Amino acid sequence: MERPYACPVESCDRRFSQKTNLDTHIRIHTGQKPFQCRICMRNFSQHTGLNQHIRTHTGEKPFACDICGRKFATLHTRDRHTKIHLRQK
């Protein structure tokens, strides 16, 4: 069994290797958000959801682009940006 943990929701039925990931996933169904932003008090489903958000307050931009050295708050925004240097408008 590579992914022994299955989602209880008949409709969804997503599979996971670690039980942690299954519990975290189930939260999207129940709508429970255990991670709270201490500035605006908003709630998030994940550790990363909260971390991505704290940066909107702090203005921290950890991710730099290799080509132009421009900074971004999140990983995806940075990765997606780099692709523009490989094409025209």
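When you see a residue number, it is the position in the sequence shown, counting from 1.
Two stretches are in play, 60-68 and 44-52, and the higher mean C-alpha B-factor belongs to 60-68. Sorting the modelled residues of the chain by their CA temperature factor places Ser11 in the highest third. In this PDB entry, the Cα temperature factor of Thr74 sits in the bottom third of its chain's modelled residues, the lowest group. For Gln18, the recorded CA B-factor ranks within the middle third of the chain. Only modelled residues enter the ranking.
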